[PDB]
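Peer 1: need a structure here:
(chains A, B, C, D and E)
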Amino acid sequence: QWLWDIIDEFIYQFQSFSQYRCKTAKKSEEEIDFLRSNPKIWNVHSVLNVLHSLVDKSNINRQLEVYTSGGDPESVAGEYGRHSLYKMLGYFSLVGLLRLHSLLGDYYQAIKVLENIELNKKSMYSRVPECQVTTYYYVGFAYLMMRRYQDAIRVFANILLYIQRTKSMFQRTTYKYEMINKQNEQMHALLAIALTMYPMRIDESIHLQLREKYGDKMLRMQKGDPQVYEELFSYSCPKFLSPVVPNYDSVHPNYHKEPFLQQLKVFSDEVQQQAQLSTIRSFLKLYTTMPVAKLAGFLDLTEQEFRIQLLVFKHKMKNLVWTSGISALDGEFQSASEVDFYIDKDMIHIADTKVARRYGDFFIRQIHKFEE
Amino acid sequence: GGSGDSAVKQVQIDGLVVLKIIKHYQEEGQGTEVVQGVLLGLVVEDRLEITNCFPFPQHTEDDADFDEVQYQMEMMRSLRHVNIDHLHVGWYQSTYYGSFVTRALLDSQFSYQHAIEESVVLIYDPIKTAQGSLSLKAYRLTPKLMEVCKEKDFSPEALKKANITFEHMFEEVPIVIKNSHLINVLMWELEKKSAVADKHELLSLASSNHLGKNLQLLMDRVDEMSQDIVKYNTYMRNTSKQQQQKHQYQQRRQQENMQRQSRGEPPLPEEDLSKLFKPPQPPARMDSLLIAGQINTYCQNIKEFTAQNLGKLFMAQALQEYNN
Amino acid sequence: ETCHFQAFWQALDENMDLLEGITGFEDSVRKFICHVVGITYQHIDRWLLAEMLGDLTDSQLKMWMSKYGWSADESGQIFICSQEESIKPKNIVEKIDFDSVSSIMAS
Amino acid sequence: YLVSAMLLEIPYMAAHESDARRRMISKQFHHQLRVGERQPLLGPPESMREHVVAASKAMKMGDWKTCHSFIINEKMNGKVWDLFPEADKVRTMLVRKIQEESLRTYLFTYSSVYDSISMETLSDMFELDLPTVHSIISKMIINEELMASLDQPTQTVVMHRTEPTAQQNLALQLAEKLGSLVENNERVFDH
Amino acid sequence: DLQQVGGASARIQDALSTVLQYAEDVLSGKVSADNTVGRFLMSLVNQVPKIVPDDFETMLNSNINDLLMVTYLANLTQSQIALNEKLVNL
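Peer 2: Residues are numbered from 1 along each chain as shown, chains lettered A, B, ... in the order given. Here you go, the structure:
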């Protein structure tokens, strides 16, 4: 009862404020102007937007994942709760992007994604690191869903770096500080499995404490064990969807695991054959143009007799991960071995290091201010 | 008003001064820092103007030893008789290894600045820093330290004057941007000694060619800076180590001994309890690194910023020149 | 998705009139077969390209031959793409980032 | 004692001054060599200390030749040689070790200069044989962690390990890296 | 200032080499660069730049990649000159 005394009092206070949101932003200049003046912080005004991003999503996820029939939650929020706030004229501040990226978050859990196009187009206001890191969060996830593994893996690198010149300080990632650490860790780990004999960019993204364990995971996954298919997929699911609260686990109510059938089994199909793409590339491409010695050496390696070695070989070159040609008279297999790049880290660091100098020189000149 | 703090203006160093500096250029004090002369000048429009120097020599055999001031007194009369007066408003040591303001140079300066507050201290840096940037380094001493005057002792007034927190990244004045008005004659010589007797002009200019080609300039800079700077870095680290151990690591053990006493014995002392903390020499903030050492962090960043720059220029010129 | 085009046309049941009832569907999948052929073949055999498109005849294959400008080669494959035109490496070439790096290191 | 340590430490310091230095240990033969090293005035050795210093300098230069000086002459002076019937054995034991570790001291410096090596030369020059020089160079490139690629059937090494500027760069990289590490102690003390 | 009067020399050179070419272009001339400046310029291109393979260009690049890595390491050391100076002040 204490459970749904808290839950219901969030939504009823948000439904209250939703009317104030629509009322102030659009037309009442003097009410906005009166609100600019009185406090020393306009931070109180702005926080309440994306504070209610993740708290409302929790409360609606509970009501979603308790009532699976005669749907009250999902059409009320979708119609009224979300579109009224966002579709109409933005408040003049970062609040226009806050309500945008609150809506982008709400739009993310729903698996209907195609208006990521126009959400970026309506992000007219400048990309502050606060708004930008949370844009690249979802935009990278959108590329992860687009099967643009090579694009998305770069986008996850920067947001996990912790020299995007974040400083926070006053609770703008609060109570989920390490979610940004572990979700970017996790979703980057899936992308490494698909392609990698290219980056050589994983050094920047993830630190060696985790690179060591996730490194051996990919190898153990693709080569010799489907065990990593399990444990990777266990950690990947809470982070792929982001279901903010799983409901109280008990057998007396059912009500909760039924949505989790869909939610989970939706992502089963993702990692299923995308993982089995990996093992083909896993065997290093030892000799770039393969004669009879190496082509048969690789067709001994693909699968054994008899039936249907060549067919399966020529099915898998198509996907994205080989570029090659067949010759008839020679009987020769000629192929493409492409590689990435060595050092791209140093020249990106040359400014980052100078920020270690800068905020060094600056913070002590704030202490040199005080004790002088 | 670009004028300095609370007794003085900027400095202007007339060209005939710097000619007389590069006469005792970098010898008579190569590997030894020797005060090569006093800067004699006068208060001019928004600046001092050092119009003449006379050099101060010393017993430079291979070590420097201070001599009778019979030199300086007779030579400052020698100036006074044909020219102005003894008007020593600074001094110049060139001398040894691209611009560096040593603790000794800070102490000699402190005696100089408190005595006559119309002063700067020059550090004339020629080709040795790979020339390079900030050839004339001026620097006067903060009037804060001339108000918390002597002395920064190891425990009292190291900590206390560290807590006052006077500058040690303190401002350095610009030196030239203007007509000195003794441009005059040396202007007239330019037309003579260019074109129709450009022997000695071209001789000086083609010095550049061999500043590039031959033996290990930037290499030797970065080599000497690989040794000079790692010395200083290691020193702060082991200085900081021992002091931070007296600050916390010793408090850690003795307060865990204060546990055992139970912090009070009613019938009689509390000898043990009293004789916990009995002073080691740093209680906090060893000052002479924090001030004077940090003036050389600034100078070491400067040497690095200098040695970098001429490198940056080549990295443009090299690529580009061959690109045609 | 796994690009088993041989198995695709085998797998088809021909009694499901709905799959006949989608207009241009039978050619669309063929156009996607030939689309990925261009990306990852330099040549393909005449019998091979036939079989991937559902065991085409000599005359049926004339459409697909003409579609992307493909034409016969000596003994006896169908040309798809030039060897250097297919591969497109964008590998090792950087460290030419001088201009930006000196613009930021300018002061 | 001073000769036992010699074969251990002269490759060790050859390695160190090729910038493998952090393993430099005082109060050892390092010190006992140091006190004799810092003579401005040594010409021919006439003390057993000085004969050790003499053979030490020869080992640094990496010439076998300089080992033999002290092993013959000072051992007759000195009758270090003449107290064992097994000096005959211990000769051979000293000699081949000198020839192997002098090769190693030579290699610790010279390997920047190389592009490749006739491994046959090394056998001929340091008076060793190919089976052993295989096993030596094999052990070396495994455990001294060199950037050599070693063709053992062809009797060839292909190395190409740079850079002379590295001696400065790795040194300031260390001077740098030493910063953060002591600094974390200054943190952990403070808190 | 030595840099931007650098290419100025090459620009006033472009002026003069034009006039020495143009002497021949109008009527006749260029004795003036037949084997006087013709020998100066062969020497000039034997100095700056060097000879022209592409092995040169890659070695020149590798030298800049080294110089830049050293100039970079000078800013890395400025950063650590800062960081130890800072914790002591804290």
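
Peer 1: Which elements pack onto the longest helix that chain E contains?
Peer 2: Longest helix in chain E, counting residues (DSSP state H): helix E:55-87. Judged by 3 or more C-beta pairs under 8 Å, 6 or more residues apart in numbering or on different chains; DSSP states H and E, helix E:55-87 is in contact with helix A:346-370, helix B:217-244, helix B:294-323, helix C:98-104, helix D:166-190. In this view, the C-beta of every residue, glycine as well, is placed from N, C-alpha and C.

Peer 1: again, only using 7 Å
Peer 2: On a contact count with 3 or more C-beta pairs under 7 Å, 6 or more residues apart in numbering or on different chains; DSSP states H and E, helix E:55-87 meets helix A:346-370, helix B:217-244, helix B:294-323, helix D:166-190.

Peer 1: Pull the distance from the first one to the chain's centre.
Peer 2: Its chain's C-alpha centre lies 30 Å from the corresponding centre of helix A:346-370 when counted by C-alpha atoms, centre = their mean, to the nearest Å.

Peer 1: Distance-wise, check residue B:83 relative to residue B:90.
Peer 2: 17 Å (C-beta to C-beta, to the nearest Å).

Peer 1: if you count what's nearby, which of these two comes out ahead?
Peer 2: residue B:90 (27 against 12; other C-beta atoms under 10 Å in any protein chain shown).

Peer 1: check which helix or strand covers residue C:36.
Peer 2: Secondary structure from DSSP states H and E places residue C:36 in helix C:25-40.

Peer 1: Could you check how far the following helix or strand past that helix is from the centre of its chain?
Peer 2: Next in sequence after helix C:25-40, counting helices and strands by DSSP H and E, comes strand C:43-44. Put simply, strand C:43-44 sits 10 Å off its chain's centre (C-alpha atoms, centre = their mean).

Peer 1: and if you look at stretch B:106-117?
Peer 2: 13 Å.

Peer 1: Can you list the buried residues in that stretch?
Peer 2: Neighbour counts over stretch B:106-117 (16 or more other C-beta atoms under 10 Å in any protein chain shown) mark B:106, B:108-110, B:112-114, B:117 as buried.

Peer 1: Now do the residue nearest the centre of chain A against residue A:82, distance only.
Peer 2: Chain A has residue A:141 as the residue nearest its centroid, 3.7 Å off, counting by C-alpha atoms, centre = their mean. Residue A:141 sits 19 Å away from residue A:82, taking C-beta to C-beta as the criterion.

Peer 1: Which is the succeeding secondary structure element to the helix or strand hosting residue D:92?
Peer 2: If you go by DSSP H and E, residue D:92 is part of helix D:87-110. Next in sequence after helix D:87-110, counting helices and strands by DSSP H and E, comes strand D:116-118.

Peer 1: Touching that next one from outside, list them.
Peer 2: Residues from elsewhere that reach strand D:116-118 (C-beta atoms under 7 Å, 6 or more residues apart in numbering or on different chains): D:156-159.

Peer 1: go on, stretch E:13-25?
Peer 2: Counting by C-beta under 7 Å, 6+ apart, E:29-30, E:32-33, E:37 sit against stretch E:13-25.

Peer 1: May I ask which of those has the most neighbours?
Peer 2: Going by other C-beta under 10 Å, residue E:33 tops those with 19 neighbours.

Peer 1: now it: how far from chain A?
Peer 2: In this view, residue E:33 and chain A are 44 Å apart by C-beta to the nearest C-beta, to the nearest Å.

Peer 1: sorry, back to before: JSON lines for the contacts of stretch E:13-25, including secondary structure?
Peer 2: Putting the contacts of stretch E:13-25 into JSON lines (DSSP: H, G, I helix; E, B strand; the rest coil) gives the following:
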{"residue": "E:29", "secondary structure": "coil"}
{"residue": "E:30", "secondary structure": "coil"}
{"residue": "E:32", "secondary structure": "coil"}
{"residue": "E:33", "secondary structure": "coil"}
{"residue": "E:37", "secondary structure": "helix"}
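
Peer 1: Chain C: which of the residues you listed is nearest?
Peer 2: Distance to chain C across the contacts of stretch E:13-25 (C-beta to the nearest C-beta) is lowest for residue E:37, with 32.7 Å.

Peer 1: The closest one and chain D, how far apart?
Peer 2: Residue E:37 is 39 Å from chain D, by C-beta to the nearest C-beta.

Peer 1: And for residue C:7?
Peer 2: Going from residue C:7 to chain D by C-beta to the nearest C-beta gives 46 Å.

Peer 1: that older thread, which pair in the contacts of stretch E:13-25 has the greatest spatial separation?
Peer 2: E:29 and E:37 (12.1 Å; C-beta to C-beta).

Peer 1: one step back: got the CA positions of the helix holding residue C:36 in PDB?
Peer 2: What follows is helix C:25-40, C-alpha atoms only, in PDB (Å, rounded to 0.1, in the frame of the first residue of the first chain):
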ATOM      1  CA  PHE C  25       7.900  -8.900 -54.900                       C
ATOM      2  CA  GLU C  26       9.400 -11.700 -56.900                       C
ATOM      3  CA  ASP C  27      11.700  -9.300 -58.800                       C
ATOM      4  CA  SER C  28      12.400  -7.100 -55.700                       C
ATOM      5  CA  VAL C  29      14.200  -9.900 -53.800                       C
ATOM      6  CA  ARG C  30      16.100 -10.700 -57.100                       C
ATOM      7  CA  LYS C  31      17.200  -7.000 -57.300                       C
ATOM      8  CA  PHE C  32      18.400  -7.300 -53.700                       C
ATOM      9  CA  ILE C  33      20.300 -10.500 -54.600                       C
ATOM     10  CA  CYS C  34      22.100  -8.700 -57.500                       C
ATOM     11  CA  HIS C  35      22.500  -5.600 -55.200                       C
ATOM     12  CA  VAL C  36      24.700  -7.500 -52.800                       C
ATOM     13  CA  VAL C  37      26.400  -9.400 -55.700                       C
ATOM     14  CA  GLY C  38      27.800  -6.000 -56.800                       C
ATOM     15  CA  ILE C  39      29.100  -5.100 -53.300                       C
ATOM     16  CA  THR C  40      31.000  -8.400 -52.700                       C
END
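
Peer 1: tell me what it is packed against?
Peer 2: Taking 3+ C-beta pairs under 7 Å, 6+ apart as the contact cut, helix C:25-40 packs with no helix or strand.

Peer 1: For chain C, what is the nearest residue in the stretch 101-250 of chain A?
Peer 2: For the stretch 101-250 of chain A, C-beta to the nearest C-beta, closest residue to chain C: residue A:198, 9.2 Å.

Peer 1: Cheers, nothing more for now.
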